[PDB]
């Protein structure tokens, strides 16, 4: 077995959160919000003199893709869900449609909020992010998400071409079996690193979807086949070292005319529509901090390879991964 592999797997067991289809609690919290949307739309549409439109819900985000992590103490669960409203996009304003959902959920938990990309509802210990889409069958065959808030300049308010199930299919399908298992472990490892080392400034933290898209482009399996038994052993430390090095190699110094300097930027295109850079909202200074911490993680992953003492290998990794990374006693 590869050095530190046991402690990586132990760390993975401690940080992993069971996906929607294996997590009753998450299914219930989701369905509660979906139910409240149905009840709430009735009242919103009583004032407009017709039945509320129906919607088809579908699972989104990490809890759909089986890349979910437990939040740190005092953090929140992030339940991502899509609702496809039975509406023609050309007949309605994206913000109008999100307002229906917001007003439907006004008196639910700690309230609700129109965001650029979703309506978020807040509960004690979690938020539900409802991505709101128009019916492709009434919108010319395209699935469009409702983008914009009231404060949006009307250029940032639109029905944008979207492919959440294509993205989810791409993450599911890149690899199979135990290869796909290591891919998913390495995404969870980076998400716990993110939560541990980007807690001072939440807005500077690399988005989950960015780390997931980065793994889609750049993750390579690391495993070894014993030449006698043909018995396959995974090397998560090496897989993470190669993946972190490849992310670092993809940073580009980017001129900023305001500050009259460059910042190192990592561009990560979504592999599906709308093919946007999911890191575009991260500032140059946030990107430089992201790069330095990624370099520090890369250095720790190399240190963990060379150490005489398993204690010293694990301790070097725990400094980047936090309190769930096992450190065997010297």
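Residue numbers count along the first chain shown, from 1. Take the two forms, superpose them, and find the largest set of C-alpha atoms that agree within 1.5 Å; that set is the rigid core.
Undergrad: Core-aligned, RMS over all structures and residues: is 29 to 37 or 47 to 55 the stretch with the greater C-alpha displacement in 7 other deposited structures of this protein?
TA: Of the two stretches, the larger average C-alpha offset in 7 other deposited structures of this protein falls on 47 to 55.
Undergrad: Following superposition on the rigid core, is the mean squared CA displacement, expressed as RMS, greater for 202 to 210 or for 68 to 76 in 7 other deposited structures of this protein?
TA: With the rigid core superposed, the C-alphas that lie farther in 7 other deposited structures of this protein are those of 202 to 210.
Undergrad: If you average the CA temperature factors as listed in the entry, which stretch comes out higher, 149 to 157 or 68 to 76?
TA: Going by the record's values, the stretch with the higher mean is 149 to 157.
Undergrad: Compare the mean C-alpha B-factor of 127 to 135 with that of 172 to 180 as given in the PDB entry, and name the stretch with the higher value.
TA: Between 172 to 180 and 127 to 135, it is 127 to 135 that shows the higher mean C-alpha B-factor.
Undergrad: In terms of recorded Cα temperature factor, pick the maximum from 249, 235, 256, 226.
TA: Top of the list by C-alpha B-factor: 226.
Undergrad: Per the coordinate record, which of the options 231, 260, 242, 212 holds the highest CA temperature factor?
TA: Within the set 231, 260, 242, 212, 231 shows the top C-alpha B-factor.
Undergrad: Is residue 301 in the lowest, middle or highest third of its chain when residues are ranked by C-alpha B-factor?
TA: It belongs to the lowest third of the chain when residues are ordered by C-alpha B-factor.
Undergrad: Could you look up the Cα B-factor of residue 91 in the entry and say which third of the chain it sits in: lowest, middle or highest?
TA: Tercile = highest for this residue's CA B-factor.
Undergrad: Taking the C-alpha B-factors as the PDB entry records them, is residue 162 in the lowest, middle or highest third of its chain?
TA: Ranked within chain, residue 162 CA B lands in the middle tercile.
Undergrad: For residue 54, does the deposited CA B-factor place it in the lowest, middle or highest third of the chain?
TA: Highest third.
Undergrad: Report the third (lowest, middle or highest) to which the CA temperature factor of residue 17 belongs, ranking only the modelled residues of the same chain.
TA: According to the entry, residue 17 has a C-alpha B-factor in the chain's middle third.
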